[PDB]
*Asks:* 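Right, I'll just put the structure down here and ask away after.
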Amino acid sequence: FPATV
Amino acid sequence: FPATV
Amino acid sequence: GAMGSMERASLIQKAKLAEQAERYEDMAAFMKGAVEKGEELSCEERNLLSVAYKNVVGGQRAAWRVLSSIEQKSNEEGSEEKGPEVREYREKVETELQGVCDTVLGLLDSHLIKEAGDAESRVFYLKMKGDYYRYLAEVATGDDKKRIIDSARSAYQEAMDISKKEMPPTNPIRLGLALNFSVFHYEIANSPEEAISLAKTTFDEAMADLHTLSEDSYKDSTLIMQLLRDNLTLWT
Amino acid sequence: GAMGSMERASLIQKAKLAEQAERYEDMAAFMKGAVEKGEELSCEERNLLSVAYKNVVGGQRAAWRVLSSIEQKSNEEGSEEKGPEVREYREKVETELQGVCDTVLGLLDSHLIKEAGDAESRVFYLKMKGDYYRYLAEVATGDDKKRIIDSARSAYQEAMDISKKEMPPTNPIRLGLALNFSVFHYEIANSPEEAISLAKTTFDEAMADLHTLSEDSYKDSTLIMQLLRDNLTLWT
Ligand SMILES: *CC(=O)NCC1CCN(C(=O)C2(Oc3ccc(Cl)cc3)CCC(F)(F)CC2)CC1
Ligand SMILES: *CC(=O)NCC1CCN(C(=O)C2(Oc3ccc(Cl)cc3)CCC(F)(F)CC2)CC1
Ligand SMILES: [Mg+2]
Ligand SMILES: [Mg+2]
Ligand SMILES: [Mg+2]
Ligand SMILES: [Mg+2]
Ligand SMILES: [Mg+2]
Ligand SMILES: [Mg+2]
């Protein structure tokens, strides 16, 4: 899964 | 802390 | 509701304690209570709110993905019928997740966003609005899927427009917003080229502004820039 | 209560799903529901019950220790007063922890233990009884501290007596029981020599019986023996 903040 | 199961 | 009798300052203090104890459900309830006092939130307070609900919904999303994967496998050819239990339990977790998203969106709509006049606060809350509609979108399968997606897009877009006008390209909120909107494009909107373009442009414009920053601001900006790079590497 | 309308088999199925999703609160509620159907539990089912509540109370204990440490520091000389919030929140977590322990002890008393005739089941449940009284003991500070400690000791002792009579020295339940009763002696009963003696004797008697075991039984036994050794190393 891609990075989010 | 010591091991318990 | 149940936090109505506790002082705002005590709720904030307890949210910080809950964070230290990794009690994110408690942390979220305390911050919900704080928001419902009706006063605007400081930067530190906005961070407590976002951290709490990020962790709560993060756990729910992880569990939903586990259960969805099991459910998908049960609907493949050759799988020997197991009854409604997998679907029922995925639905239970899904409903709880949607409840948390609705709660957060409720707080933003009553009345965090409308009272947020400064760019830093308004963008922070609009990013959250985008994020929690994105989480709703991840589990949406019905007649409202398109409207949920457009609600996420609309929130992210308003946030982007303000951030571009009002904040430097290295601002961590601006960077984090772009990171997440990029993920929205890739994972939700079926727009991988838009996702890649946004991540690239955001990275490059931040790179060119790093020279203006102190060591501490440089640290936060470069951390998020590395996340943009990580996604680009994942996608190309 | 709320699980009264769900099939026993469905509750068991959902407990297994919750475990896979790391949803231990749900897992515990499902198993509570299963127990309340009134039928005895199989070995697999007893494991689901214990795993669920171990994880739930494990998290609560970790949080309580964090909060207790903060509270202790706030009562040292030179610490500038912060109000009742630390104590209040530690109390909240403590009360929730005690509630979970009371719930488990309730299930054991109504009516798991009384219906458990086989050594393996009776020892398993009595060990749990000892464990959940030990967790109560960890947070006890009042007039009931001594009675709580003796309740833990009594449960562990009955379990030990049955296990010595009825099970081989390598039996994983017998080993795990001894491990935990040893920790009880060290951490709760202020009897470190008894703790060390029990761990040593248990280890040595298991070592001498390993020759009787298959590769799979050998694996489980030696794993717990390593925990006994780890504690001995910690204590000597
Ligand atoms: C009030 C305020 O300015 N809050 C934003 C602030 C940004 C930096 N930060 C972080 O924890 C990290 O970055 C972001 C978190 C949230 C948002 Cl909305 C944007 C950025 C966390 C990720 C990181 F890569 F480690 C960099 C810092 C504190 C809150
Ligand atoms: C019904 C039944 O026989 N249950 C006991 C069984 C023992 C082995 N096991 C484990 O998960 C490990 O050991 C114990 C767990 C619980 C108890 Cl009460 C005793 C032992 C977990 C620790 C280990 F070191 F990894 C060895 C196996 C499954 C349940
Ligand atoms: Mg007040
Ligand atoms: Mg649904
Ligand atoms: Mg563009
Ligand atoms: Mg039935
Ligand atoms: Mg108390
Ligand atoms: Mg002896």
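Letters A, B, ... mirror the listed sequences (proteins, then strands); counts begin at 1.
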*Asks:* Does the structure place the NZ or CZ of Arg61(D) under 6.0 Å from the centre of the six-membered ring of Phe1(B), at an angle of no more than 45° from the ring's axis?
*Replies:* no
*Asks:* Salt bridge (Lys or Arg N to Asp or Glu O under 4.0 Å) between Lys16(D) and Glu45(D): does it pass, once the steps are laid out?
*Replies:* CA-CA 10 Å; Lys16(D) 290 173 193 171; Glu45(D) 293 163 358; over 6 Å; no
*Asks:* Could you tell me if the side chain of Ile148(C) sits less than 4.5 Å from the side chain of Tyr135(C), heavy atoms only?
*Replies:* no
*Asks:* Indicate yes or no: at least one non-hydrogen side-chain atom of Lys219(C) is less than 4.5 angstrom from one of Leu223(C).
*Replies:* yes
*Asks:* Within this structure, what is the CG-OG distance for the pair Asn171(D) and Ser221(D), rounded to the nearest 0.5 Å?
*Replies:* 7.5 Å
*Asks:* How many angstroms lie between atom CG of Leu177(D) and atom OG of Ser163(D), to the nearest 0.5 angstrom?
*Replies:* 5.0 Å
*Asks:* Would you name the heavy atoms of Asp118(C) and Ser121(C) that are closest together and state the gap between them?
*Replies:* O-OG, 2.9 Å
*Asks:* Would you mind checking if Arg65(D) and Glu138(D) are paired as a salt bridge, meaning a charged N to carboxylate O distance below 4.0 Å?
*Replies:* yes
*Asks:* Can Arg8(C) and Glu36(C) be counted as an ion pair, charged N to O under 4.0 angstrom?
*Replies:* no
*Asks:* Determine the minimum heavy-atom distance between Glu19(D) and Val51(D), stating which atoms define it.
*Replies:* OE2-CG1, 3.6 Å
*Asks:* Nearest 0.5 angstrom please: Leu108(D) CG to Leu126(D) CG, how far?
*Replies:* 8.5 Å
*Asks:* For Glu96(C) and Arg23(D): C-alpha separation, side-chain torsions, deciding distance, then whether salt bridge (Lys or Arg N to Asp or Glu O under 4.0 Å) applies.
*Replies:* CA-CA 12 Å; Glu96(C) 187 190 298; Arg23(D) 292 273 295 196; 2.8 Å; yes
*Asks:* Is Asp216(C) close to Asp220(C) at the side-chain level, that is, under 4.5 Å between some pair of heavy atoms?
*Replies:* no
*Asks:* Show the nearest heavy-atom pair for residues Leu175(C) and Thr170(C), with the distance to one decimal.
*Replies:* CD1-O, 3.5 Å
*Asks:* Does a side-chain heavy-atom distance below 4.5 Å link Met31(D) with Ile12(D)?
*Replies:* yes
*Asks:* What I'd like to find out is whether the side chain of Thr236(D) reaches to under 4.5 Å of the side chain of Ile196(D), using heavy atoms alone.
*Replies:* yes
*Asks:* Go through the steps to decide whether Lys129(C) and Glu158(C) satisfy the test salt bridge (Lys or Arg N to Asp or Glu O under 4.0 Å), and finish with yes or no.
*Replies:* CA-CA 10 Å; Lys129(C) 187 174 181 173; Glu158(C) 183 179 349; over 6 Å; no
*Asks:* Quick one: CH2 on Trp64(D) to CD on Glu91(D), what's the gap to the nearest 0.5 Å?
*Replies:* 11.5 Å
*Asks:* With rounding to the nearest 0.5 angstrom, report the OH to OG distance, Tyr218(C) to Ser214(C).
*Replies:* 12.0 Å
*Asks:* Should the pair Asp131(D)-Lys127(D) be classified as a salt bridge under the 4.0 Å nitrogen-to-oxygen rule?
*Replies:* yes
*Asks:* How long is the gap from CZ on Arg229(C) to CE on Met207(C), to the nearest 0.5 Å?
*Replies:* 8.0 Å
*Asks:* Does a side-chain heavy-atom distance below 4.5 Å link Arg174(D) with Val123(D)?
*Replies:* no
*Asks:* Do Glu88(C) and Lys14(D) sit within salt-bridge range, that is, some charged N less than 4.0 Å from a carboxylate O?
*Replies:* yes
*Asks:* Walk me through whether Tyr156(D) and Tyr133(D) qualify under ring pair (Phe, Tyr, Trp, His ring centres under 6.0 Å).
*Replies:* CA-CA 10 Å; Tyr156(D) 283 135; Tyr133(D) 274 114; 9.8 Å; no
*Asks:* Can you tell if the side chain of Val57(C) reaches within under 4.5 Å of the side chain of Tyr132(C), non-hydrogen atoms only?
*Replies:* yes
*Asks:* Among all residues two or more places apart in sequence or in another chain, which pass the salt bridge (charged side-chain N to carboxylate O under 4.0 Å, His left out) test with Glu71(D)?
*Replies:* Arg90(D)
*Asks:* Do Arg122(C) and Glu115(C) meet the salt-bridge criterion of a basic N to acidic O distance under 4.0 Å?
*Replies:* no
*Asks:* Could you check whether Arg153(D) makes a cation-pi contact with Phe181(D), meaning its NZ or CZ is under 6.0 Å from the centre of the six-membered ring and within 45° of the ring axis?
*Replies:* no
*Asks:* Please find out if less than 6.0 Å separates the ring center of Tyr89(C) from that of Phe30(D).
*Replies:* yes
*Asks:* Would you sort out whether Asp144(D) and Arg147(D) count as a salt bridge (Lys or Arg N to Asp or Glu O under 4.0 Å), showing the intermediate values?
*Replies:* CA-CA 5 Å; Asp144(D) 273 319; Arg147(D) 270 182 275 272; 3.4 Å; yes
